[PDB]
file my_file-v1.cif (mmCIF, N, CA and C atoms)
data_protein
loop_
_atom_site.label_atom_id
_atom_site.label_comp_id
_atom_site.auth_asym_id
_atom_site.auth_seq_id
_atom_site.Cartn_x
_atom_site.Cartn_y
_atom_site.Cartn_z
N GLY A 1 35.36 3.21 -16.44
CA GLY A 1 35.78 1.84 -16.71
C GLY A 1 35.85 1.00 -15.46
N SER A 2 35.66 -0.31 -15.62
CA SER A 2 35.69 -1.23 -14.49
C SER A 2 36.89 -2.16 -14.58
N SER A 3 38.09 -1.59 -14.46
CA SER A 3 39.32 -2.36 -14.53
C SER A 3 40.19 -2.11 -13.31
N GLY A 4 40.72 -3.18 -12.73
CA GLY A 4 41.56 -3.06 -11.56
C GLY A 4 41.85 -4.39 -10.90
N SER A 5 42.84 -5.11 -11.43
CA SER A 5 43.21 -6.41 -10.90
C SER A 5 44.73 -6.56 -10.83
N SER A 6 45.22 -7.11 -9.72
CA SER A 6 46.65 -7.31 -9.53
C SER A 6 46.92 -8.49 -8.60
N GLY A 7 47.76 -9.41 -9.06
CA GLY A 7 48.09 -10.57 -8.26
C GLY A 7 49.51 -10.53 -7.73
N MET A 8 49.89 -9.41 -7.14
CA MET A 8 51.23 -9.24 -6.59
C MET A 8 51.18 -8.56 -5.23
N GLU A 9 51.86 -9.15 -4.25
CA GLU A 9 51.90 -8.59 -2.90
C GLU A 9 53.33 -8.41 -2.43
N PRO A 10 53.57 -7.32 -1.67
CA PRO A 10 54.90 -7.01 -1.14
C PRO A 10 55.33 -7.98 -0.05
N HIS A 11 56.53 -8.53 -0.19
CA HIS A 11 57.06 -9.48 0.78
C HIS A 11 57.60 -8.75 2.01
N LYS A 12 57.18 -9.20 3.19
CA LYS A 12 57.61 -8.59 4.44
C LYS A 12 57.80 -7.09 4.28
N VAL A 13 56.79 -6.42 3.73
CA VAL A 13 56.84 -4.98 3.52
C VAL A 13 55.46 -4.41 3.25
N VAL A 14 55.19 -3.23 3.79
CA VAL A 14 53.90 -2.57 3.60
C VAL A 14 54.08 -1.15 3.09
N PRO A 15 53.49 -0.87 1.91
CA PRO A 15 53.57 0.45 1.29
C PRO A 15 52.77 1.50 2.05
N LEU A 16 53.00 2.77 1.72
CA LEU A 16 52.30 3.87 2.37
C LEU A 16 50.90 4.05 1.79
N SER A 17 50.03 4.71 2.55
CA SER A 17 48.66 4.95 2.10
C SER A 17 48.64 5.80 0.84
N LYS A 18 47.52 5.76 0.13
CA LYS A 18 47.37 6.53 -1.10
C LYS A 18 47.07 8.00 -0.80
N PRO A 19 47.73 8.90 -1.53
CA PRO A 19 47.55 10.35 -1.36
C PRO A 19 46.17 10.82 -1.83
N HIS A 20 45.70 11.92 -1.25
CA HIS A 20 44.40 12.48 -1.62
C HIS A 20 44.53 13.45 -2.79
N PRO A 21 43.43 13.65 -3.52
CA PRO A 21 43.39 14.55 -4.67
C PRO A 21 43.51 16.02 -4.27
N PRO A 22 44.27 16.79 -5.07
CA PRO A 22 44.48 18.21 -4.81
C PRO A 22 43.23 19.04 -5.05
N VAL A 23 43.02 20.05 -4.21
CA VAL A 23 41.85 20.92 -4.32
C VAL A 23 42.12 22.07 -5.28
N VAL A 24 41.05 22.59 -5.88
CA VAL A 24 41.17 23.70 -6.83
C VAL A 24 40.60 24.98 -6.24
N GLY A 25 41.48 25.88 -5.83
CA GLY A 25 41.05 27.14 -5.25
C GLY A 25 40.67 28.16 -6.30
N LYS A 26 41.66 28.83 -6.87
CA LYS A 26 41.43 29.84 -7.90
C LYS A 26 41.34 29.19 -9.28
N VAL A 27 40.33 29.59 -10.05
CA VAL A 27 40.14 29.06 -11.39
C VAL A 27 40.16 30.17 -12.43
N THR A 28 41.22 30.21 -13.23
CA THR A 28 41.36 31.22 -14.27
C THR A 28 41.25 30.60 -15.66
N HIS A 29 40.73 31.38 -16.61
CA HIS A 29 40.58 30.91 -17.98
C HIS A 29 41.94 30.82 -18.68
N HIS A 30 43.00 31.13 -17.94
CA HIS A 30 44.35 31.09 -18.49
C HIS A 30 45.26 30.23 -17.62
N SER A 31 44.75 29.80 -16.47
CA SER A 31 45.52 28.98 -15.54
C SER A 31 44.60 28.29 -14.54
N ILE A 32 45.18 27.41 -13.72
CA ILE A 32 44.41 26.69 -12.72
C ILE A 32 45.21 26.55 -11.42
N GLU A 33 44.64 27.06 -10.33
CA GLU A 33 45.30 26.99 -9.03
C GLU A 33 45.03 25.65 -8.36
N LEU A 34 46.04 25.11 -7.69
CA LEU A 34 45.92 23.83 -7.00
C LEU A 34 46.66 23.86 -5.67
N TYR A 35 46.08 23.21 -4.67
CA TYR A 35 46.69 23.16 -3.34
C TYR A 35 46.33 21.86 -2.63
N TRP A 36 47.34 21.06 -2.32
CA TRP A 36 47.13 19.78 -1.64
C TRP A 36 47.74 19.81 -0.24
N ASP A 37 47.57 20.92 0.45
CA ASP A 37 48.10 21.07 1.80
C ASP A 37 47.17 20.45 2.83
N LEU A 38 46.41 19.44 2.40
CA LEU A 38 45.47 18.76 3.28
C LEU A 38 45.95 17.34 3.59
N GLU A 39 47.17 17.03 3.16
CA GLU A 39 47.74 15.70 3.39
C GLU A 39 48.91 15.78 4.37
N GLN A 40 49.87 16.64 4.06
CA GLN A 40 51.05 16.81 4.91
C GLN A 40 50.76 17.77 6.05
N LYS A 41 49.51 17.79 6.51
CA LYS A 41 49.11 18.66 7.60
C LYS A 41 49.99 18.46 8.83
N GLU A 42 50.07 17.21 9.30
CA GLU A 42 50.88 16.89 10.46
C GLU A 42 52.13 17.77 10.51
N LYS A 43 52.44 18.27 11.70
CA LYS A 43 53.60 19.13 11.89
C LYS A 43 54.79 18.61 11.09
N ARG A 44 55.77 19.49 10.86
CA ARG A 44 56.96 19.12 10.10
C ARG A 44 57.96 18.39 10.99
N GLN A 45 57.47 17.47 11.80
CA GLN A 45 58.32 16.71 12.70
C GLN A 45 59.66 16.40 12.04
N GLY A 46 60.74 16.94 12.61
CA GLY A 46 62.06 16.71 12.07
C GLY A 46 62.48 17.78 11.09
N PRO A 47 63.70 17.65 10.54
CA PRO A 47 64.24 18.61 9.57
C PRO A 47 63.52 18.55 8.23
N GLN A 48 63.73 19.58 7.41
CA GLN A 48 63.10 19.64 6.09
C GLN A 48 63.44 18.40 5.27
N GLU A 49 64.60 17.82 5.53
CA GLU A 49 65.04 16.63 4.81
C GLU A 49 64.12 15.45 5.10
N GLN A 50 63.40 15.52 6.21
CA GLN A 50 62.49 14.46 6.61
C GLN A 50 61.09 14.72 6.05
N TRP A 51 61.02 15.44 4.94
CA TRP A 51 59.74 15.76 4.32
C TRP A 51 59.48 14.85 3.12
N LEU A 52 58.22 14.78 2.70
CA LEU A 52 57.84 13.94 1.57
C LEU A 52 57.90 14.73 0.27
N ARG A 53 58.03 14.01 -0.85
CA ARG A 53 58.10 14.64 -2.16
C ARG A 53 56.74 14.61 -2.85
N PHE A 54 56.41 15.70 -3.53
CA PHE A 54 55.14 15.81 -4.24
C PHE A 54 55.36 16.10 -5.72
N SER A 55 54.98 15.15 -6.57
CA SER A 55 55.15 15.30 -8.01
C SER A 55 53.79 15.31 -8.71
N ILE A 56 53.54 16.35 -9.49
CA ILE A 56 52.28 16.48 -10.21
C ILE A 56 52.47 16.19 -11.70
N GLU A 57 51.51 15.47 -12.29
CA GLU A 57 51.58 15.13 -13.70
C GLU A 57 50.28 15.50 -14.41
N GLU A 58 50.29 15.42 -15.74
CA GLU A 58 49.11 15.75 -16.53
C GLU A 58 49.02 14.84 -17.76
N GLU A 59 47.80 14.41 -18.07
CA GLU A 59 47.58 13.54 -19.22
C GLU A 59 47.39 14.36 -20.50
N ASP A 60 47.81 13.78 -21.62
CA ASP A 60 47.69 14.46 -22.91
C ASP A 60 46.56 13.85 -23.74
N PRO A 61 45.66 14.71 -24.24
CA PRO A 61 44.52 14.28 -25.05
C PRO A 61 44.95 13.78 -26.43
N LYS A 62 46.16 14.15 -26.83
CA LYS A 62 46.70 13.74 -28.13
C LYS A 62 47.72 12.62 -27.97
N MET A 63 48.50 12.69 -26.90
CA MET A 63 49.52 11.68 -26.63
C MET A 63 49.00 10.64 -25.64
N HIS A 64 47.75 10.80 -25.22
CA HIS A 64 47.14 9.88 -24.27
C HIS A 64 48.16 9.40 -23.24
N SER A 65 49.11 10.27 -22.90
CA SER A 65 50.14 9.94 -21.93
C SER A 65 50.24 11.01 -20.85
N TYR A 66 50.88 10.66 -19.74
CA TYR A 66 51.04 11.59 -18.63
C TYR A 66 52.42 12.24 -18.65
N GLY A 67 52.53 13.39 -17.99
CA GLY A 67 53.80 14.09 -17.95
C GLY A 67 53.94 14.95 -16.72
N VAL A 68 54.99 14.70 -15.93
CA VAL A 68 55.24 15.45 -14.72
C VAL A 68 55.37 16.94 -15.01
N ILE A 69 54.31 17.69 -14.74
CA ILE A 69 54.31 19.13 -14.98
C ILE A 69 55.04 19.87 -13.87
N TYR A 70 55.02 19.30 -12.67
CA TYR A 70 55.69 19.91 -11.52
C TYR A 70 56.33 18.84 -10.64
N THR A 71 57.43 19.20 -9.99
CA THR A 71 58.15 18.28 -9.12
C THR A 71 58.87 19.03 -8.00
N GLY A 72 58.43 18.83 -6.77
CA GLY A 72 59.05 19.49 -5.64
C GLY A 72 58.43 19.07 -4.31
N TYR A 73 58.62 19.90 -3.29
CA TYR A 73 58.08 19.61 -1.97
C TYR A 73 56.92 20.55 -1.63
N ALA A 74 56.70 21.53 -2.49
CA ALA A 74 55.62 22.49 -2.29
C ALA A 74 54.27 21.79 -2.23
N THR A 75 53.30 22.44 -1.59
CA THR A 75 51.96 21.88 -1.46
C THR A 75 50.99 22.53 -2.44
N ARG A 76 51.41 23.65 -3.02
CA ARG A 76 50.58 24.37 -3.97
C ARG A 76 51.16 24.29 -5.38
N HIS A 77 50.32 24.53 -6.38
CA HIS A 77 50.76 24.48 -7.77
C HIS A 77 49.71 25.10 -8.69
N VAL A 78 50.18 25.83 -9.70
CA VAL A 78 49.28 26.47 -10.66
C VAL A 78 49.68 26.16 -12.09
N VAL A 79 48.87 25.36 -12.77
CA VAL A 79 49.15 24.99 -14.15
C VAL A 79 49.08 26.20 -15.07
N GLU A 80 50.25 26.67 -15.51
CA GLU A 80 50.32 27.83 -16.39
C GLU A 80 50.10 27.42 -17.84
N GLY A 81 49.63 28.36 -18.66
CA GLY A 81 49.39 28.08 -20.06
C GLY A 81 48.20 27.16 -20.26
N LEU A 82 47.00 27.73 -20.21
CA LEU A 82 45.77 26.96 -20.39
C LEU A 82 44.80 27.68 -21.31
N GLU A 83 43.72 27.00 -21.68
CA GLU A 83 42.71 27.58 -22.56
C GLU A 83 41.37 27.70 -21.84
N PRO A 84 40.55 28.66 -22.28
CA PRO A 84 39.22 28.90 -21.70
C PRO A 84 38.24 27.78 -22.02
N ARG A 85 37.48 27.37 -21.01
CA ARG A 85 36.50 26.30 -21.19
C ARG A 85 37.18 24.99 -21.58
N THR A 86 38.34 24.73 -20.98
CA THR A 86 39.09 23.52 -21.27
C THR A 86 39.33 22.71 -20.01
N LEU A 87 39.15 21.39 -20.11
CA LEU A 87 39.35 20.51 -18.97
C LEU A 87 40.80 20.02 -18.90
N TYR A 88 41.29 19.79 -17.69
CA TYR A 88 42.66 19.33 -17.49
C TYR A 88 42.73 18.32 -16.35
N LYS A 89 43.43 17.22 -16.59
CA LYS A 89 43.58 16.17 -15.58
C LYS A 89 44.97 16.21 -14.96
N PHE A 90 45.03 16.09 -13.64
CA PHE A 90 46.30 16.11 -12.92
C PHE A 90 46.33 15.04 -11.83
N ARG A 91 47.47 14.37 -11.70
CA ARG A 91 47.63 13.32 -10.70
C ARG A 91 48.70 13.70 -9.68
N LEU A 92 48.37 13.56 -8.40
CA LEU A 92 49.30 13.89 -7.33
C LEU A 92 50.05 12.65 -6.86
N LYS A 93 51.38 12.71 -6.91
CA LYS A 93 52.22 11.59 -6.48
C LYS A 93 53.01 11.95 -5.23
N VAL A 94 53.20 10.96 -4.36
CA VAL A 94 53.94 11.16 -3.12
C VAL A 94 54.89 10.00 -2.85
N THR A 95 56.02 10.30 -2.21
CA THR A 95 57.00 9.28 -1.89
C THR A 95 57.53 9.45 -0.46
N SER A 96 57.26 8.46 0.38
CA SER A 96 57.71 8.50 1.77
C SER A 96 59.22 8.71 1.85
N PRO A 97 59.68 9.20 3.01
CA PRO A 97 61.10 9.46 3.25
C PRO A 97 61.92 8.17 3.36
N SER A 98 61.25 7.04 3.16
CA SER A 98 61.91 5.74 3.24
C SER A 98 62.10 5.14 1.85
N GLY A 99 61.15 5.43 0.96
CA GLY A 99 61.23 4.91 -0.39
C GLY A 99 59.87 4.66 -1.00
N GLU A 100 58.92 4.23 -0.17
CA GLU A 100 57.57 3.95 -0.63
C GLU A 100 56.97 5.17 -1.33
N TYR A 101 56.02 4.92 -2.23
CA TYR A 101 55.37 5.99 -2.97
C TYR A 101 54.01 5.55 -3.49
N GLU A 102 53.07 6.48 -3.55
CA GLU A 102 51.72 6.18 -4.03
C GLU A 102 51.28 7.21 -5.07
N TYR A 103 50.03 7.09 -5.51
CA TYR A 103 49.49 8.01 -6.51
C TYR A 103 48.07 8.43 -6.14
N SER A 104 47.73 9.67 -6.48
CA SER A 104 46.40 10.20 -6.18
C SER A 104 45.46 10.00 -7.36
N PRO A 105 44.15 10.01 -7.08
CA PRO A 105 43.11 9.82 -8.10
C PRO A 105 43.01 11.01 -9.04
N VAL A 106 43.19 10.75 -10.34
CA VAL A 106 43.12 11.80 -11.34
C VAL A 106 42.03 12.82 -11.00
N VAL A 107 42.36 14.10 -11.17
CA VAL A 107 41.41 15.17 -10.88
C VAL A 107 41.22 16.08 -12.09
N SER A 108 40.10 15.91 -12.78
CA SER A 108 39.80 16.71 -13.96
C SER A 108 39.10 18.01 -13.57
N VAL A 109 39.64 19.12 -14.06
CA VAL A 109 39.07 20.43 -13.77
C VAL A 109 39.01 21.30 -15.02
N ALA A 110 37.89 22.01 -15.19
CA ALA A 110 37.71 22.88 -16.34
C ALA A 110 37.88 24.35 -15.95
N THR A 111 38.73 25.06 -16.68
CA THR A 111 38.98 26.47 -16.42
C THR A 111 37.73 27.31 -16.68
N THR A 112 37.85 28.62 -16.48
CA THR A 112 36.73 29.53 -16.69
C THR A 112 36.76 30.11 -18.10
N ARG A 113 35.68 30.78 -18.48
CA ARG A 113 35.58 31.38 -19.80
C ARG A 113 36.35 32.70 -19.86
N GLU A 114 36.85 33.04 -21.04
CA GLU A 114 37.61 34.27 -21.22
C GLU A 114 36.77 35.49 -20.83
N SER A 115 37.26 36.23 -19.84
CA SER A 115 36.56 37.42 -19.36
C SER A 115 37.18 38.69 -19.94
N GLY A 116 38.46 38.89 -19.66
CA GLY A 116 39.15 40.07 -20.16
C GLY A 116 40.58 40.15 -19.67
N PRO A 117 41.30 41.19 -20.12
CA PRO A 117 42.70 41.40 -19.74
C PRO A 117 42.85 41.80 -18.27
N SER A 118 44.09 41.88 -17.81
CA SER A 118 44.37 42.25 -16.42
C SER A 118 44.68 43.74 -16.31
N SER A 119 45.56 44.22 -17.18
CA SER A 119 45.94 45.63 -17.18
C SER A 119 44.83 46.50 -17.75
N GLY A 120 44.42 47.50 -16.97
CA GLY A 120 43.36 48.39 -17.41
C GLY A 120 43.35 49.70 -16.64
#

call {"tool": "encode", "arguments": {"input": "my_file-v1.cif", "output": "structure tokens"}}
result
Amino acid sequence: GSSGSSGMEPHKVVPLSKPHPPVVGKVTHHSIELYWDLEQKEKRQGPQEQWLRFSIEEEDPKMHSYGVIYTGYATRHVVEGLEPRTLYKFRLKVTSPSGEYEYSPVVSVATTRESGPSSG
């Protein structure tokens, strides 16, 4: 789609840059591995309290709505409970230690096909 217009600007204030999309390492037909440790690379300058928050969400094909599947400071995440040969969209959100916050570009990923059980 070609939609994106806004006529509002922050007064004497500048928001933080937009976060990058999370990468997909391990791909299972029952789950999906995710790791966005490519943004908060910079040393952990200061105490843990001086860290940024990372909230992950997912869109619903039936509810056409998003839902925070994960919320924390971790850089990795694995969407549990998935189906084989199924696509899933996830958005990475971040909020500066001051208040500002941005959103990452939706990342659609399709799991793998059912191979077999684990215990054998």

call {"tool": "residues_around", "arguments": {"input": "my_file-v1.cif", "residues": "segment 100-104 of chain A", "least_positions_apart": "4", "cutoff": "8 Å", "atoms": "all atoms listed in the file", "output": "compact mmCIF listing (two decimals) with N, CA and C atoms, keeping the file's coordinate frame"}}
result
# COMPACT_ATOMS: atom_id res chain seq x y z
N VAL A 14 55.19 -3.23 3.79
CA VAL A 14 53.90 -2.57 3.60
C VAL A 14 54.08 -1.15 3.09
N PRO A 15 53.49 -0.87 1.91
CA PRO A 15 53.57 0.45 1.29
C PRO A 15 52.77 1.50 2.05
N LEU A 16 53.00 2.77 1.72
CA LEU A 16 52.30 3.87 2.37
C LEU A 16 50.90 4.05 1.79
N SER A 17 50.03 4.71 2.55
CA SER A 17 48.66 4.95 2.10
C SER A 17 48.64 5.80 0.84
N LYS A 18 47.52 5.76 0.13
CA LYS A 18 47.37 6.53 -1.10
C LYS A 18 47.07 8.00 -0.80
N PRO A 19 47.73 8.90 -1.53
CA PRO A 19 47.55 10.35 -1.36
C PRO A 19 46.17 10.82 -1.83
N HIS A 20 45.70 11.92 -1.25
CA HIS A 20 44.40 12.48 -1.62
C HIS A 20 44.53 13.45 -2.79
N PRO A 21 43.43 13.65 -3.52
CA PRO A 21 43.39 14.55 -4.67
C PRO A 21 43.51 16.02 -4.27
N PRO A 22 44.27 16.79 -5.07
CA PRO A 22 44.48 18.21 -4.81
C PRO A 22 43.23 19.04 -5.05
N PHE A 90 45.03 16.09 -13.64
CA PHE A 90 46.30 16.11 -12.92
C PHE A 90 46.33 15.04 -11.83
N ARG A 91 47.47 14.37 -11.70
CA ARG A 91 47.63 13.32 -10.70
C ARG A 91 48.70 13.70 -9.68
N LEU A 92 48.37 13.56 -8.40
CA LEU A 92 49.30 13.89 -7.33
C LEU A 92 50.05 12.65 -6.86
N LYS A 93 51.38 12.71 -6.91
CA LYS A 93 52.22 11.59 -6.48
C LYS A 93 53.01 11.95 -5.23
N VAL A 94 53.20 10.96 -4.36
CA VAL A 94 53.94 11.16 -3.12
C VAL A 94 54.89 10.00 -2.85
N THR A 95 56.02 10.30 -2.21
CA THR A 95 57.00 9.28 -1.89
C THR A 95 57.53 9.45 -0.46
N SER A 96 57.26 8.46 0.38
CA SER A 96 57.71 8.50 1.77
C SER A 96 59.22 8.71 1.85

call {"tool": "residues_near_point", "arguments": {"input": "my_file-v1.cif", "point": "(44.1, 17.5, -19.3)", "cutoff": "6 Å", "atoms": "only N, CA and C atoms", "output": "ChimeraX atom specification"}}
result
/A:58-61,87-90

call {"tool": "write_last_selection", "arguments": {"input": "my_file-v1.cif", "atoms": "N, CA and C atoms", "output": "short mmCIF file (atom, residue, chain, number, x, y, z; two decimals), in the coordinates of the input"}}
result
data_model
loop_
_atom_site.label_atom_id
_atom_site.label_comp_id
_atom_site.auth_asym_id
_atom_site.auth_seq_id
_atom_site.Cartn_x
_atom_site.Cartn_y
_atom_site.Cartn_z
N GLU A 58 50.29 15.42 -15.74
CA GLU A 58 49.11 15.75 -16.53
C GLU A 58 49.02 14.84 -17.76
N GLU A 59 47.80 14.41 -18.07
CA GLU A 59 47.58 13.54 -19.22
C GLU A 59 47.39 14.36 -20.50
N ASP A 60 47.81 13.78 -21.62
CA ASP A 60 47.69 14.46 -22.91
C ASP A 60 46.56 13.85 -23.74
N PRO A 61 45.66 14.71 -24.24
CA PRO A 61 44.52 14.28 -25.05
C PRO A 61 44.95 13.78 -26.43
N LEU A 87 39.15 21.39 -20.11
CA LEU A 87 39.35 20.51 -18.97
C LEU A 87 40.80 20.02 -18.90
N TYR A 88 41.29 19.79 -17.69
CA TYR A 88 42.66 19.33 -17.49
C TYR A 88 42.73 18.32 -16.35
N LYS A 89 43.43 17.22 -16.59
CA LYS A 89 43.58 16.17 -15.58
C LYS A 89 44.97 16.21 -14.96
N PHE A 90 45.03 16.09 -13.64
CA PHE A 90 46.30 16.11 -12.92
C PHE A 90 46.33 15.04 -11.83
#

call {"tool": "atom_distance", "arguments": {"input": "my_file-v1.cif", "atom1": "atom N of residue 97 of chain A", "atom2": "atom N of residue 68 of chain A"}}
result
20.3 Å

call {"tool": "select_by_dssp", "arguments": {"input": "my_file-v1.cif", "residues": "chain A", "states": "strand (DSSP E or B)", "output": "count of residues only"}}
result
43

call {"tool": "residues_near_point", "arguments": {"input": "my_file-v1.cif", "point": "(43.3, 23.7, -6.2)", "cutoff": "8 Å", "atoms": "only N, CA and C atoms", "output": "JSON, numbers by chain"}}
result
{"A": [21, 22, 23, 24, 25, 26, 27, 32, 33, 34, 35, 36, 76, 77, 78]}

call {"tool": "closest_residue", "arguments": {"input": "my_file-v1.cif", "among": "A:30, A:79, A:56, A:84", "to": "residue 118 of chain A", "atoms": "only C-alpha atoms"}}
result
A:30

call {"tool": "atom_distance", "arguments": {"input": "my_file-v1.cif", "atom1": "atom C of residue 46 of chain A", "atom2": "atom C of residue 71 of chain A"}}
result
19.5 Å

call {"tool": "residues_around", "arguments": {"input": "my_file-v1.cif", "residues": "residue 28 of chain A", "least_positions_apart": "3", "cutoff": "5 Å", "atoms": "only N, CA and C atoms", "output": "number ranges by chain"}}
result
A: 31-32, 111-112

call {"tool": "residues_around", "arguments": {"input": "my_file-v1.cif", "residues": "residue 74 of chain A", "least_positions_apart": "5", "cutoff": "8 Å", "atoms": "all atoms listed in the file", "output": "list in words"}}
result
residues 35, 36, 37, 52, 53, 54 and 55 of chain A

call {"tool": "atom_distance", "arguments": {"input": "my_file-v1.cif", "atom1": "atom CA of residue 110 of chain A", "atom2": "atom CA of residue 86 of chain A"}}
result
5.2 Å

call {"tool": "closest_residue", "arguments": {"input": "my_file-v1.cif", "among": "A:69, A:39, A:29, A:3", "to": "residue 113 of chain A", "atoms": "only N, CA and C atoms"}}
result
A:29

call {"tool": "closest_residue", "arguments": {"input": "my_file-v1.cif", "among": "A:6, A:57, A:13, A:82", "to": "residue 70 of chain A", "atoms": "all atoms listed in the file"}}
result
A:57

call {"tool": "axis_aligned_box", "arguments": {"input": "my_file-v1.cif", "around": "segment 17-26 of chain A", "padding_each_side": "5 Å", "output": "AutoDock Vina command-line options"}}
result
--center_x 45.3 --center_y 17.3 --center_z -3.4 --size_x 19.4 --size_y 35.1 --size_z 21.8

call {"tool": "closest_residue", "arguments": {"input": "my_file-v1.cif", "among": "A:108, A:98, A:75, A:119", "to": "residue 38 of chain A", "atoms": "only N, CA and C atoms"}}
result
A:75

call {"tool": "decode", "arguments": {"input": "my_file-v1.cif", "residues": "segment 51-69 of chain A", "atoms": "C-alpha atoms", "output": "mmCIF file, in the first residue's frame"}}
result
data_model
loop_
_atom_site.group_PDB
_atom_site.id
_atom_site.type_symbol
_atom_site.label_atom_id
_atom_site.label_comp_id
_atom_site.auth_asym_id
_atom_site.auth_seq_id
_atom_site.Cartn_x
_atom_site.Cartn_y
_atom_site.Cartn_z
ATOM 1 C CA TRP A 51 18.523 0.374 29.440
ATOM 2 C CA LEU A 52 15.828 0.573 26.762
ATOM 3 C CA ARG A 53 12.601 -1.441 26.698
ATOM 4 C CA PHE A 54 11.770 -3.888 23.907
ATOM 5 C CA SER A 55 8.155 -4.884 23.269
ATOM 6 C CA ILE A 56 7.187 -7.367 20.555
ATOM 7 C CA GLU A 57 3.705 -7.639 19.053
ATOM 8 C CA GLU A 58 1.886 -9.780 16.488
ATOM 9 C CA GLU A 59 -0.970 -9.135 14.061
ATOM 10 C CA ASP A 60 -4.050 -11.363 13.919
ATOM 11 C CA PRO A 61 -5.355 -12.661 10.564
ATOM 12 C CA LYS A 62 -8.835 -12.930 12.075
ATOM 13 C CA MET A 63 -8.804 -9.929 14.412
ATOM 14 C CA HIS A 64 -6.728 -7.870 11.975
ATOM 15 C CA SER A 65 -5.255 -6.422 15.170
ATOM 16 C CA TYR A 66 -1.875 -6.453 16.913
ATOM 17 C CA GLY A 67 -1.031 -7.897 20.315
ATOM 18 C CA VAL A 68 2.063 -7.588 22.492
ATOM 19 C CA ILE A 69 3.287 -11.188 22.561
#
